[PDB]
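Overview (structure and organization)
Here is what each chain is made of, one letter per residue.
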Amino acid sequence: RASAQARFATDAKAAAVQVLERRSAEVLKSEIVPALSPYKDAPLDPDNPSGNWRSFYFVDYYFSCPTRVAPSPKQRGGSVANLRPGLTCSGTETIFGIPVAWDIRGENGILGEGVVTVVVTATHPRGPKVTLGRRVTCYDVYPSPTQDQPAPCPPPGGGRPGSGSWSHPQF
Amino acid sequence: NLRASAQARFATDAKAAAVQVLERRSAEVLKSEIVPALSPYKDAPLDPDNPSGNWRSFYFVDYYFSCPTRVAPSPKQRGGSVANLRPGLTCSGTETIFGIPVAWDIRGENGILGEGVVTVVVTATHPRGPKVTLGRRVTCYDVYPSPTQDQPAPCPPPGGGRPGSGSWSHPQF
């Protein structure tokens, strides 16, 4: 009985991992785009802005999820019109009959600047649940941001506005 | 483009190291052992009609109340005493996996939201650059056998977890 539950738990974890891996890879994806693309983030050659640029999906997920926020003028022209429209922030995948809830979101406030979390929960039909997360920062894309070339990191104060929370045991 | 390939491989390796450590530390949180009725670490009797028989002990309780600092449980769990939490657990540390340091931390969460929740968080930092941070959230409901109404262990009673730490966050600050 212990054995059977342990097997279901192992499977729930494997289902969780496969969704966490795929959704995290989306956050870290980049693409080469022309200088006319609204989704450009950094030029391949800083001395040739008329040439190709790299575009990081990190920026699209960070500012779109769970709700759309305009970036600072330093990223995507400060406009939500220049975030990719095709994206899904959350959902449920079924992996060998195991439902896995998943969510991608940017963090907010100064602490959340340039951070995206990916969180999954697999709920095995026979009981066991497994919840996994991955924390991705703007520094984790390739190539690495530098002082001179900060994208896809936002400038200070250029992330998602702080949502606010006041917790206390007295409450 | 060489560098891109190399860094992707190092990132894959960093992820594998993080997973290994996350699995080992999460398994520790979920571990149980059979103990006699006289054990200070007893949580639930194996037979609900025979408390004189053997008991199950959940390490979940030890990690939840010991990490990152030791807090006394409520009188319903471990006799309400830090003396009845297992000594010599490690809450945090660094493991090196094929030359990749992995920071790891187990802790109970606090306040009403944190009641009966333990997090396990790891960060693998590849010497050549790539970092990978993974977490697992474990609740008292995830042990085997599952807690029930008539047998809640290792879940604390309402108000019987780690006291809330407090945090006042606001963009005005």
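All residue numbers refer to a per-chain count from 1 along the written sequence rather than necessarily to the numbering of the entry. Residues that lack coordinates are not shown. Written order decides the labels, with chains lettered from A and ligands numbered from 1. Excluding hydrogens and water, the side-chain figures rest on all heavy atoms present in the structure.

Method of determination for the deposited model, per the PDB record: X-ray crystallography, at 1.4400 Å resolution.

Broken down by element type, chain B carries 3 helices and 8 strands. Segments assigned H or I by DSSP are reported as helices when at least four residues long, segments assigned E as strands when at least two residues long, and all are numbered from the N terminus. Tracing chain B from N to C terminus, the helices and strands come up as α-β-β-β-α-β-β-α-β-β-β. If one aligns the C-alpha atoms of chain B with their principal axes, the spans along those axes are about 70 × 45 × 25 Å. Put simply, chain B has 173 residues, and 43% of those count as buried. Working rule for contacts: check all heavy atoms of both residues, and any pair within 4.5 Å makes them a contact. Sequence separation of at least 24 residues holds for 55% of the intrachain contacts in chain B that already meet a minimum separation of 6. Here chain B displays about 9100 Å² of accessible surface, and carbon together with sulfur accounts for 55% of that area. Only protein chains enter the calculation, and the probe is 1.4 Å; a residue is then buried if its accessible area is under 20% of its type maximum, exposed if over 50%, and partly exposed in between. With residues, only the protein chains shown are counted as cover, and all accessible areas are computed by Shrake-Rupley using a 1.4 Å probe.

The next point concerns the side chain of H126 of chain B. All names here are of chain B. Counting through the fold element by element, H126 comes out in the loop between β6 (117-125) and β7 (131-139). Looking at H126, the relative accessible area reads 10%, which means it is buried. Only 3.0 Å separates the side chain of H126 from the backbone nitrogen of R128, close enough to count as a polar contact. Setting aside its immediate chain neighbours within four residues, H126 contacts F10, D13, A14 and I100. The term polar contact refers here to a pair of N or O atoms within 3.5 Å; inside protein, the definition further demands a hydrogen-donor-capable atom paired with an acceptor-capable atom, and it admits residues adjacent in sequence only when both atoms are side-chain atoms.

Right, let's talk about the sheet that holds strand β3 (residues 53-56) of chain A for a bit. All names here are of chain A. Two strands qualify as a pair provided that DSSP identifies no fewer than 2 bridges between them. Across the sheet, which stays open at both edges, the 3 strands sit in the order β1-β3-β2 with antiparallel pairing between neighbours. Two strands bound the open sheet, and with one partner strand each, they are β1 (30-33) and β2 (42-43). Its contacts with the sheet place helix α2 (residues 57-64) against β1 and β3, and it is angled at close to 40° to β3. Where helices are involved, their axes are fitted lines through C-alpha atoms of the stretch in contact, as for all axes, and angles between N-to-C directions lie from 0 to 180°.

On the side of chain A, 21 residues touch chain B, which itself brings 21 residues to the contact. Summing both sides of the interface, chain B and chain A together bury roughly 1800 Å²; the carbon and sulfur share of this comes to 54%. The rule for a salt bridge is simple: a side-chain nitrogen of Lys or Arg has to be within 4 Å of a carboxyl oxygen of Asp or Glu. Our enumeration of links across chain B and chain A arrives at 2 salt bridges. Residue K15 of chain B pairs with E21 of chain A through a salt bridge whose shortest N-O separation is 3.3 Å. A simple way to read buried area is as the amount of 1.4 Å-probe accessible surface that goes missing from two parts once joined, with both sides added.

On to helix α1 (residues 2-27) of chain A, then. Residues and elements named next belong to chain A. For α1, which comprises 26 residues, the first-to-last C-alpha distance of 37 Å matches the rise-based estimate of 38 Å (1.5 Å per residue) to within 8%. Of all the residues in α1, the buried ones are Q5, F8, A12, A15, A16, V19, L20, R23, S24 and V27. Against α2, β4 (90-95), β5 (98-106), β6 (115-123) and β7 (129-137) lie the buried residues of α1. A helix is expected to reach a length of 1.5 Å times the quantity of its residues less one.

Here we take up the sheet that holds β7 of chain A. Pairing in this open sheet of 8 strands is antiparallel, and the strands run β4(A)-β5(A)-β6(A)-β7(A)-β7(B)-β6(B)-β5(B)-β4(B) from one edge to the other. Of all the strands in the sheet, the pair left with one neighbour each is β4 of chain A together with β4 (92-97) of chain B. Recorded for the sheet is a direction-independent mean angle of 20° between the axes of neighbouring strands. As judged from the 7 bridges shared by β5 of chain A and β6 of chain A, these two strands associate in the antiparallel manner. Along β6 of chain A, the bridge assignment pairs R105 of chain A with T117 of chain A. Sheet strands touched by α1 of chain A: β4, β5, β6 and β7 of chain A together with β7 of chain B. Its angle to β7 of chain A, the strand with the most contacts, is close to 20°.

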